[PDB]
Every structure is written in structure tokens, then in C-alpha cells.
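S.K.: My complex, part one, positions kept as in the full thing:
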Amino acid sequence: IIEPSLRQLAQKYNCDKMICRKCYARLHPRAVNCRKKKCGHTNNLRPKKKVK
Amino acid sequence: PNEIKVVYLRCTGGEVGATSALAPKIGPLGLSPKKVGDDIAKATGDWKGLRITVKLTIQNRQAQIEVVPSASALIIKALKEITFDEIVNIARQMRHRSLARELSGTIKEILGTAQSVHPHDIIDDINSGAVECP
Amino acid sequence: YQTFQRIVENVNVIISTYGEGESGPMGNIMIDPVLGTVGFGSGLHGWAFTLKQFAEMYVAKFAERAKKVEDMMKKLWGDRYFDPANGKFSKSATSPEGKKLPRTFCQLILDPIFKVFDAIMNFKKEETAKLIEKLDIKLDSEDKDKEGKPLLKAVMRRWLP
């Protein structure tokens, strides 16, 4: 029974992030290029999907 | 407050509709007109547009009296049975009349533009009649 | 208390939407704790109670009996704030001293229940003895040697059948 104010706080760290298409790394939502060496810092990113 | 809050709008028109539309869906708000009320409301609202025909209604504890706003497509299709500037010129007299205007001549420009559903070229370099309407 | 009221509200809106009017042939059907048509407890542990018991025993602490318990249940449940320091019910959550007043339901129904739960679950033997003596609880033999949640079941089963 999570109150919405805490739901936003939890989602900020858990859900609302970006994912590299090549290496699945969890990046900050405003990231343009991946931060990890094994994916060539590729700029192919997709938002982490929601639960709805 | 007229014993009821019936200032809601309805978007039924043309065919009867009745219970096929959302007339019974919004009916329990007042519960008074019901299946007689939507029948007579459609009987009055058959004309003034065979389209969706958005309108407002006023309740007298049993029945409904309808006012039909001058929607663009509504009045255009209703007047339809070419530029026909004369008929829009006379049709801007009874208009809603605000249109966020500064002059009345701009109103016929705006609706000769919205009637594009070409008559844009008269509105583009109109020079006659911008004073004629008021 | 807030969760209890949430459940009450949800049931009430269910029956309001999907039932007939208050003027209906059935009549008023919305359940109110002041009407004593909602109860509490736990069936697994064998104890339960309503608004009637606490009000009745507090009236006996303080024909005519029915009137007293009936109009006392209205103070028993609601957004009414009772000060234990004052000893009189108040309808303001702020005292003249400015101190917040716990509401009556939590103050004189939930407070003893919470206190007996904490004493039994944390094994405070003198606390449970004092609580039994204040609440005139009659335990039986073979219940006087147990502790923890079975002792909780025993005390609650005897106190609130």
C-alpha cells in the first residue's frame, strides 16, 4: 500500500532509468551514450519499461 | 438553481439515437426525462444539424428544452443541402460573436478558413466586405 | 483506525452505488460503527468485539442501560477527540493548552488492546498481572503457565469472546 509520494521516490531509483540496447546497462534517464566500455559507448538507448 | 444541474452537453444528432447513444448513460444524473426525455429532445434536435450536433439542455423537472451552439461543421453542413460568401456573411450575425476578435470582419475570415473542410484564396487577400458584416 | 475507516467507506460506497436509496423499501442500509453494524477481532485466535462491549462496560464503570450504551457508542466511534487528562470528551483536536487530543476510539478501545498485546508479546509479567486485575479478566487453569501468542489467545478469548 505504497503512498504515491513514496512511489515516486522508489521509482526514481528503481524504474525511471535508461537501458543500453547493446549491453543492457542501467543508465540515468538523461543519458545519451552508454557509460560502459564493452558496448562502445553506443548511443542506442531505450527507456526501462513500466509495469502498467 | 432551477431545481436541477442540467447544463451538461450532449453530442447526439441526425438519427434518433435514444438509448443507443449515451442518453440513458447520463440519464441517472436527473432521472426525470429518461426515455421520454431523449425522444422529445431528439424530436426537437432533428434539424439544426444532422451531424453529431453538440447542444445544451434545460430541464423543467420533466422535459428538456435545447439550445444548439453554432459549431463550425454543424452550421456548414446544416446550411449545405463554391464560395457562397453571402450565406456566411449573413450567418455571422447570429454567431457566438466573440471568436477572440477585434473586428467583425475577421470573423468571416476565420470561418471562411474553417470551412476548408479552395475558399482560402478569398480570405488571403480579401478587400471587400470586411466592413460590410458589422 | 484510518484503515478501518477506509474499509468502512469502501463498503459504504459499494452499497450506495449498487443498492437502492435510503428511502427504499429496505431503508437505510449503510453500516456505521456507531450503529454497531461493523465488528472487529480475529477468528483464528478466537476473540472479537464490537462497539457495544466497550461502551457497555465503560458505562458500568462510570431500559436506561440501552439508552446509555446507544448514545455512548456515538462518542465511542468517530472523529471525536477525547483527552485522558481532561476526563471529558471534546469535539476539538486542539486543547485550550494547544496539545493534540487522541481520538476517542484509539484512546479508549485501541489503547488497552495495544497495551495488553505489548505486555503479553514482550513477556512483561507484572504488566500482564496488573492488566488482568484492572480488566477483571478471569483466566482458568492450564492457561496460567503459557506465554507468547498462545497466552495472547487465551487472554483475548476470555476477555473478548
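M.R.: That came through fine. Residues are numbered from 1 along each chain as shown, chains lettered A, B, ... in the order given.
S.K.: where along chain C do the helices fall?
M.R.: Remark: helices assigned in chain C by DSSP state H are C:2-18, C:51-61, C:64-76, C:104-105, C:111-121, C:125-134, C:149-159.
S.K.: ok, and what's touching the first one?
M.R.: Yep, that's helix C:2-18 we're talking about. By CB atoms under 8 Å, 6 or more residues apart in numbering or on different chains, the list of residues contacting helix C:2-18 from outside reads C:29, C:30, C:31, C:32, C:33, C:38, C:40. Yep, even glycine has a C-beta here, placed from its N, CA and C like the rest.
S.K.: What are the buried residues along that helix?
M.R.: residue C:8 (16 or more other CB atoms under 10 Å in any protein chain shown).
S.K.: ok, the residue positioned nearest the centre of chain A - contacts?
M.R.: In chain A, the centroid-proximal residue (CA atoms, centre = their mean) is residue A:17; its distance is 2.0 Å. Residues near residue A:17 by CB under 8 Å, 6+ apart: A:26, A:27, A:28, A:29, A:47, A:48.
S.K.: Not counting sequence-adjacent ones, nearest residue to the first one?
M.R.: In space, not counting the residues next to it along the chain, residue A:26 is nearest to residue A:17; the distance is 5.2 Å by CB to CB, 6 or more residues apart in numbering or on different chains.
S.K.: Please tell me how far the one you found sits from residue A:9.
M.R.: 14 Å (CB to CB, to the nearest Å).
S.K.: Equivalent analysis for residue A:40, please.
M.R.: The value you get for residue A:40 to residue A:9, if CB to CB is used, is 34 Å.
S.K.: Correct me if wrong, but residue A:9 is in a helix.
M.R.: Yes - assigned with DSSP: H, G, I helix; E, B strand; the rest coil, residue A:9 falls within a helix.
S.K.: residue ranges for the strands of chain A, please.
M.R.: Under the criterion DSSP state E, chain A contains strands at A:18-20, A:26-27, A:45-47.
S.K.: now those in a markdown table, with distance to residue B:12 and mean neighbour count?
M.R.: Compiled in a markdown table, those are given as follows (distance: least, CB to CB, whole Å; neighbours: other CB atoms under 10 Å in any protein chain shown):
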| stretch | distance to residue B:12 | mean neighbour count |
| --- | --- | --- |
| strand A:18-20 | 47 | 19 |
| strand A:26-27 | 51 | 14 |
| strand A:45-47 | 41 | 13 |
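S.K.: please slot chain D in as well:
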Amino acid sequence: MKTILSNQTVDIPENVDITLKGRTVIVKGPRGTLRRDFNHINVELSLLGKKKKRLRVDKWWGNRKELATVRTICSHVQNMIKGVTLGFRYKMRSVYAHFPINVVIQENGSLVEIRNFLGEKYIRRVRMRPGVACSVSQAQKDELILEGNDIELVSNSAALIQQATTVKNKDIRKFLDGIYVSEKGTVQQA
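M.R.: Following on from the chains above, chain D is added here:
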């Protein structure tokens, strides 16, 4: 391209005394002493004024990579000033769906025990960084206050708590249990 000079200046408040022992900055203020040496960066640190008390960081012939260390040093020094003047208070709101999280503060707020995270029997034990104090709130229901002077240590303690409270083998988008840093601010709010 070696830029001839890149310099940045930080103003010191009146009630703060900053001493330079080489590249080791010692910031002293009402809340105590913060010490940090920047010996891994080759810069020219100097104290200029007598009433303003400006501190200048200079980097000569810096290429692109090391040109960014000047602002890093200035921001770290400003963090030291903030810590010794107003202190750092991180408020963490412990959020749980079903199982309440029992947070027990042990000796002088240096140890935090998370008991019932997701209703399990293992007790997480987290030791705060030295000089960092933990507290359980009074104005808030499920809130932890982390106070300190070194922002590095305070936020690292907060991250220690947050990453101790971690869900495994589950849809983390669903299971939102844990303690998260609701806000980052100061003491005395000055």
C-alpha cells in the same frame, strides 16, 4: 591545445579559516575541521585576500582532460566550507509495501540495523563512516537523518544503507521496498 592558464576563485566566509599545507587544504569552522589533500592533481593553490579571503586554483598549460580538475577542486573546497559551516543532513524515507522495516540505531548512531526488510530473518548491519551520525526521525514516520561534515562520507553512508536494502530475484519495478534518500540538505538551514 594547451591553454596558457585556467583559474577559478572561491570566496571563504568570514567565520572559516582555510590553511594550505602544500596541496592539503584544512578548512576550519564552527562545526570543526575538514582536511583533504589534492596531491593527485598538480595545481597552484593560493590564498589572496585579507578580508575577502579568496582561494585561487590555477592550472597552467592544461589540456582538455585536466582542465576539468579546476572546477572539481573548487567544488570540493566549497563542499568542505558547507560541511564545516552548515553540515550535511541526508533525509532517507524508508518505503515498504507490506512488511514494516525495523531500523534500530546502535551505539551513538554509528550502527544501523535493518530487521524486517521484506519480512525476513537476516538482520542487515551497516556501519556508518567515521564522523557520521545516524538518527531516527521524530517529525516523520519512517525517516532517517544522516548528519556529518564530510559530504563524501555522509552520502557514502546513505548509499551503504540504500544498497543494503536490496531486492533480489524479483521484478524491482514491482517490489519497491527499501530505504531511499528522499532529500539532501543541511543543518541549521542557514
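S.K.: Okay, the spatially most central residue of chain C and residue C:131: tell me how far apart.
M.R.: Taking CA atoms, centre = their mean, the centroid of chain C lies closest to residue C:109, which sits 3.7 Å from it. Separation of residue C:109 from residue C:131 (CB to CB): 15 Å.
S.K.: What segments of chain A are helices?
M.R.: Taking DSSP H, the helices of chain A run over residues A:4-14.
S.K.: how about the residues of it near chain D?
M.R.: A:1-2, A:6-7, A:9-15, A:48-51 (CB under 8 Å from any CB of the partner chain).
S.K.: what does stretch D:31-39 contact?
M.R.: Residues outside stretch D:31-39 that contact it (CB under 8 Å, 6+ apart) are D:22-27, D:45, D:73, D:76, D:80, D:83-87, D:149-150.
S.K.: Let me know whether the residue nearest to the centre of chain C touches residue C:54 as I believe.
M.R.: Yes - using CB atoms under 8 Å, residue C:109 makes contact with residue C:54 at a distance of 5.2 Å.
S.K.: Spell out which residues are contacts of both of the two.
M.R.: residue C:76.
S.K.: Unless I misread the structure, residue D:72 falls within a strand.
M.R.: No - counting by three-state DSSP, residue D:72 is not part of a strand but helix.
S.K.: Count the neighbours of it for me.
M.R.: 13 (other CB atoms under 10 Å in any protein chain shown).
S.K.: Tell me where chain B has helices.
M.R.: Here chain B has its helices, by DSSP H, at B:23-26, B:34-45, B:72-79, B:85-91, B:105-114, B:120-124.
S.K.: Residue D:123 and residue D:166, how far apart?
M.R.: 15 Å.
S.K.: returning to that earlier point: residues in contact with the residue nearest to the centre of chain C?
M.R.: C:51, C:54, C:76 are the contacts of residue C:109 under CB under 8 Å, 6+ apart.
S.K.: a markdown table for the residues you listed, including neighbour count?
M.R.: A markdown table is the format used below for these (neighbours: other CB atoms under 10 Å in any protein chain shown):
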| residue | neighbour count |
| --- | --- |
| C:51 | 24 |
| C:54 | 21 |
| C:76 | 23 |
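S.K.: with the structure above as the base, add chain E:
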Amino acid sequence: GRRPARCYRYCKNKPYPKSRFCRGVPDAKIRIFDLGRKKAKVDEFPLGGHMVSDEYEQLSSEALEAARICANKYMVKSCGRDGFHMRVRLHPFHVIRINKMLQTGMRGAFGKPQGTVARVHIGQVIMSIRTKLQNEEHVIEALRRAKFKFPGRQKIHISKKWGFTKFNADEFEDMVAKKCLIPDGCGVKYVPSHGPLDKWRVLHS
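M.R.: So that you can see how it sits with the rest, here is chain E on the chains above:
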């Protein structure tokens, strides 16, 4: 079914066109070389963009078909089916042989025709797209996508010539005005100032 393109990437053989000495060649993959509004006049599309190859290599007919379709889908989706014209200026006139192993060995190793490739040189245009001026971005993107179906490296050039013709865009207007060119079809007819005077009488009248 078809051998990888890297086997026939290089012009390692003399030209082998489908002739009376090379009979039974299977038909190539690409059949339509002009798409879009082929009928548009020269003045309709004043922009020409070319995909100039950098490798003296061989481009398979299947690859040409795939790149043509890749350009066609994007150009239709971006500029509509009436706003561009595509001309693939390579034809697969070279036949590549294959020595299938089921006599056995390298004895009688000469191979039967398998497919057709087009030999292209450095600086040679593979594809040309003519269009309206403001669609330069769309043309460059379309040719950029089409590059991915070819082995070697290709460059996108915004040609100075008006459309598909052989005259510069800045001189095209006054050349037509002073009648050195008459438009017809997608191109123009250059009118030299020598010949019969009756042609000049047909002009200026």
C-alpha cells in the same frame, strides 16, 4: 543458396557479358531502374544527389535490387510517391561463374553462369535521385540508408547539375531563357547555334 558476396567482391576476371558465347545466363535480380515520378519535367526537380562509389569492385544484382528498394521505401515514406525520381545507373552486365562440386576435382574446372554483377569504378555514380530542393535532407538520408547494402565504401554527393541533365543549376535557368535548351521528358535538348535556319525559325516563334 547464393555464395557470399565476398567471393565475388573483386574484378578478378575480364568482362563476361551475356552474349552468344555465354548462353543460358539466369535473369538478374534487378529489373526496374527508374522509379518515383519518372514522368516529371526537368524543371520540377532541380536537385540531383548521387551515391558515388569509392571501390573498383563488383556489385551484385541482388544487392542493387535491395538498395533500390531500401531507397524507395524511405523516399516514399518521407516525400510521398510523387516527389522524387530514382535512377540506378549501374546495370549487371557481368556474368560470374561457379564450379559446383558434386569427373571430380579441378579437372574441367570451368564454371557455369550463376549470377550477374555490375563492375563499378572509383568515382562512378551508382544511384541518382532527383527531387525538389528542400528535400535534400531526405535524399541524403535515403542514400545513406541505401549504402548499407553494398560491400565497399560509397560517398553521398549533392551534384551541381540541374536534375539529371549535364548542365549546372546556376546556368540552367538563363540557358533555357535564351533558348539554348528546350525541355522535354526528364531532360533537355541542347540546341547548337549551327544547322538549318528553319530550326531557328521554329525557335523564336
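S.K.: Please reconsider the contacts of residue C:109 now that chain E is part of the model.
M.R.: Residues near residue C:109 by CB under 8 Å, 6+ apart: C:51, C:54, C:76.
S.K.: swap in residue E:143?
M.R.: E:49, E:51, E:71, E:127, E:129, E:156.
S.K.: Where do the helices of chain E begin and end?
M.R.: With DSSP H as the criterion, chain E has helices at E:61-79, E:136-146, E:169-177, E:197-202.
S.K.: what about residue D:104, which helix or strand?
M.R.: Per DSSP states H and E: residue D:104 is located in strand D:103-105.
S.K.: which other helices and strands contact that strand?
M.R.: Packed against strand D:103-105 by the contact rule (3 or more CB pairs under 8 Å, 6 or more residues apart in numbering or on different chains; DSSP states H and E) you find strand D:111-114, strand D:133-136.
S.K.: re earlier: the contacts of residue E:143, buried ones only, as a PyMOL selection?
M.R.: The PyMOL selection below is limited to those of these classed as buried (16+ other CB under 10 Å):
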select buried, chain E and resi 49+51+71+127+129+156
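S.K.: if I look at the most centrally placed residue in chain D, how far off is residue D:185?
M.R.: For chain D, residue D:151 is the residue whose C-alpha lies nearest the centre (CA atoms, centre = their mean; 1.8 Å). Per CB to CB, residue D:151 is found 11 Å from residue D:185.
S.K.: Can you work out which residues contact both of these two?
M.R.: Common contacts of residue D:151 and residue D:185, defined by CB under 8 Å, 6+ apart, comprise residue D:88.
S.K.: I would like the residues contacting stretch C:135-151, please.
M.R.: C:45, C:112, C:116, C:120-121, C:123, C:128, C:131-132, C:154-155, C:158-159.
S.K.: which residues does residue 45 contact?
M.R.: Going with chain A. A:18, A:19, A:20, A:21, A:27, A:31, A:32, A:33, A:34.
S.K.: that's the wrong chain, I meant chain B
M.R.: B:12, B:13, B:53, B:55, B:66, B:68.
S.K.: hmm, 10 Å instead?
M.R.: Counting by CB atoms under 10 Å, 6 or more residues apart in numbering or on different chains, residue B:45 makes contact with B:10, B:12, B:13, B:14, B:17, B:38, B:53, B:55, B:57, B:64, B:66, B:68.
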